[PDB]
């Protein structure tokens, strides 16, 4: 049995739509119809999409089998998605779309910190961590210290900003990739102080794979691409009056830096960690075993919300 469908009530259009006598007329008629779309933003998106879609098909002479393979692929991508897995985001990520959209929507005007992709490992349950405390238990990897200031593009400190941070442990796992999730690990939620300063202890993150077991994984193998991300520390900074910044810093030295499978890496976000070999200083910062630590010293420069919106709308006129 199959459902009886129901007419949606839209009338036959009063437009000149000649019966297609060649493949081009399909496109022409569809584009004519698209002009009936009443929201002009929707109309623009629809028109531009259709043109690209039809041009793609014409340029490639897509075959029946290739079209059907595409259909089945897109279907399987949707069907593997769950509240804990977003294969369509992963497809957007690996095809560079996520990163391109992210850039366009968060233009780094006036020397702002650049954004980078969020990925799937953010949790809204990270513990509160005071400045100087650790997001990582002892034994989760090599010591790293992170510090800087949250500032406006004009240089003014931003107090009370919320800084969410998360990363892998030394094995390349986020805390929710373990069976025993008794307590959060390698993540924290901080607040910039009254001078906009923040500091915390952490571990040196490591490279890791994105999901290669579903359709996106199959695609990467046909493209002879890897499914790896280089090491990074995630940060998300929010503060009323500013454009929320979702970003990451990528330590130098990782062989995947130039070929991030999701195009998170940006030049300004690759950081050279400083080796601090000063046992006294290490212990004073609260590293329990002292010795030495890698230092990641970086400010987080936020764009006032009105400036971000203005930049985006002004740049969208060019394009």
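Numbering follows the first chain given and starts at 1.
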Stretch with higher mean Cα temperature factor, 11 to 19 vs 294 to 302, is 11 to 19
Taking the deposited Cα B-factors and averaging over 135 to 143 and over 225 to 233, the higher mean is found in 135 to 143
When the entry's CA B-factors for 220, 163, 202, 81 are compared, the highest one belongs to 81
Among 88, 249, 242, 121, highest Cα B-factor in the entry goes to 121
The third of the chain into which the C-alpha temperature factor of residue 174 falls is the middle
Split the chain's modelled residues into thirds by Cα B-factor; residue 255 lands in the middle
So, residue 106's CA B-factor, relative to its chain, sits in which third? The middle
Sorting the chain's modelled residues by C-alpha B-factor and splitting them into thirds places residue 215 in the highest
Here the Cα B-factor of residue 288, set against its chain, lands in the third termed highest
